[PDB]
Amino acid sequence: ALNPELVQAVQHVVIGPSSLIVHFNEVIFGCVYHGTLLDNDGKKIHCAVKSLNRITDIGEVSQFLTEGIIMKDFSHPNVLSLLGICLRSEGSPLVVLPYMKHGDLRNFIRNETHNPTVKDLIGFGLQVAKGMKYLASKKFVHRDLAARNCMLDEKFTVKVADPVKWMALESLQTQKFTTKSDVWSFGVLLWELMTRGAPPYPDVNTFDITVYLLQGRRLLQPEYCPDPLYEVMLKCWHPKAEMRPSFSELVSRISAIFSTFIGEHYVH
Ligand SMILES: COc1cc2c(Oc3ccc(-c4cnc(Cc5ccccc5)n(C)c4=O)cc3F)ccnc2cc1OCCCN1CCOCC1
């Protein structure tokens with residue numbers, strides 16, 4: 001009962017459920033299941049399937065669909081691909097995504113069994129930068145960039161996907177979100193990596209954050225963070241949006257630091 005022209009625009013994003021199996025008893029965000037998708041050439045592919053249970057009316061479904069149209073257009077190694085969406089007749093809709101072996105980046109860097117070097121963590125920060133560079137080039141604002149929202153596949157390739165302590169100054173006071181506010185959040189993401197998943201601003205409450213920043217207080221330099229990279233963080237946290245670097249400047253800048261380092265436990 002959605003708009004006919006909108007339904008036609010979405011068809012390329014929709015998966016006929018006749019080609020999807022969802023292992024509802026195999027859980028992986030938080031409602032995420034193992035799935036098996038059958039692609040149009042006959043390819044059986046292993047996916048993660050999330051059920052968007054918070055949907056209800058035509059508006060939300062419409063929003064959801066056009067969001068899907070956008071996400072589906074995005075092709076980049078460092079951006080999580082949407083494989084499709086599934087509109088079930090008797091159940092809330094499903095997002096279908098490629099399976100990511102190593103889950104999200106925050107969990108991966110937090111667990112003590114893993115031992116990423118300084119080069120590894122900068123490397124992970126660099127890949128995020130590349131994906132964000134691409135997203136910005138497509139005039140897409142992320143709004144929710146954080147370590148927890150970046151995925152990590154079998155090749156250790158970081159995928160961007162979608163929070164006051166990550167938000168830019170001008171977003172906290174004006175709910176204004178731009179690619180330059182994404183930059184502020186990417187700076188926080190960098191701090192997250194170089195701390196190996198520490199919680200940002202531990203001793204300041206979610207409401208006292210804005211006055212904290214207006215004092216000039218910033219996240220302290222992480223134990224693992226090289227001085228040139230800490231200066232990159234602070235540029236990302238300048239109050240005037242236009243002063244902050246572009247993601248293209250960040251790819252080129254961070255890459256230069258990355259190249260000075262040797263020793264990787266997780267390559268590519
Ligand atoms: C929970 O961990 C995983 C999560 C995975 C995953 O999560 C998701 C990421 C993004 C999205 C998502 C992406 N995009 C949108 C916007 C959108 C709006 C409208 C239309 C289309 C899209 N929305 C709304 C979304 O929800 C959904 C997800 F389910 C996707 C793929 N693979 C995953 C793999 C995982 O774990 C691998 C195993 C880890 N083990 C290892 C040993 O340690 C213990 C566990």
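Quick note: residue numbers are just sequence positions, from 1. Numbering of ligands and ligand atoms starts at 1, following listing order.
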Using a 4.0 Å heavy-atom cut-off, say whether [X] meets ligand 1 through its side chain, its backbone, both or neither.
| X | value |
| --- | --- |
| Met151 | side chain |
| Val95 | side chain |
| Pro98 | backbone |
| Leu80 | side chain |

Item to check | Nearest protein heavy atom with distance in Å, relative to atom 36 (O) of ligand 1 | outcome: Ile28 CG2, 3.2 Å

Item to check | Which residue and heavy atom of the protein sit nearest atom 38 (C) of ligand 1, plus the separation | outcome: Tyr99 OH, 3.2 Å

Under 3.5 Å, which donor-acceptor pairs do the side chains of residues 30-37 form with other protein atoms, sequence neighbours left out?
from  : atom 1 : to    : atom 2 : distance (Å)
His34 : ND1    : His46 : NE2    : 2.9

Determine whether more than 12 heavy atoms belonging to other residues, nucleotides or ligands lie under 6.0 Å from atom [atom1] of [X].
| X | atom1 | result |
| --- | --- | --- |
| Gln215 | CD | yes |
| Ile58 | CD1 | no |
| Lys119 | NZ | yes |

Next on the checklist: Ring centres under 6.0 Å, that's the criterion: do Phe247 and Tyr134 meet it?
Outcome noted: no

Checklist entry - Does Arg143 count as lying over the ring of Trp166, i.e. NZ or CZ under 6.0 Å from the six-ring centre, within 45 degrees of the axis? => result no

Checklist entry - Among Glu67, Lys101, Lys72, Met71, which residue places a heavy atom closest to atom 40 (N) of ligand 1? => result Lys101

Checklist entry - Heavy-atom distance to atom 20 (C) of ligand 1: which of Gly68, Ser81, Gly35, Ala161 wins? => result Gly68

For [atom], is some protein heavy-atom partner under 4.0 Å away?
| atom | answer |
| --- | --- |
| atom 3 (C) of ligand 1 | yes |
| atom 11 (C) of ligand 1 | yes |
| atom 25 (C) of ligand 1 | no |
| atom 44 (C) of ligand 1 | no |
| atom 29 (F) of ligand 1 | yes |

Checklist entry - Taking only heavy atoms of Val32, which atoms of ligand 1 are found under 4.0 Å from at least one of them? => result 29 (F)

Next on the checklist: As an exercise, identify every atom of ligand 1 less than 4.0 angstrom from a heavy atom of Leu82.
Outcome noted: 21 (C)

Next on the checklist: Within this structure, what is the NZ-CG distance for the pair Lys133 and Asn78, rounded to the nearest 0.5 Å?
Outcome noted: 11.0 Å

Checklist entry - For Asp104, is the nearest heavy atom under 4.0 Å from an atom of ligand 1? => result no

Item to check | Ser62 versus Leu2, closest heavy-atom pair with distance | outcome: OG-CD1, 3.9 Å

Checklist entry - Of all heavy-atom pairs between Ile209 and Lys165, which one has the smallest distance, and what is that distance? => result CD1-CG, 4.0 Å

Checklist entry - ligand 1 and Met100, any nitrogen or oxygen pair closer than 3.5 angstrom? => result yes

Checklist outcome for this item: Applied to residues 205-230, the ring pair (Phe, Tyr, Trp, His ring centres under 6.0 Å) test, sequence neighbours excluded, yields none

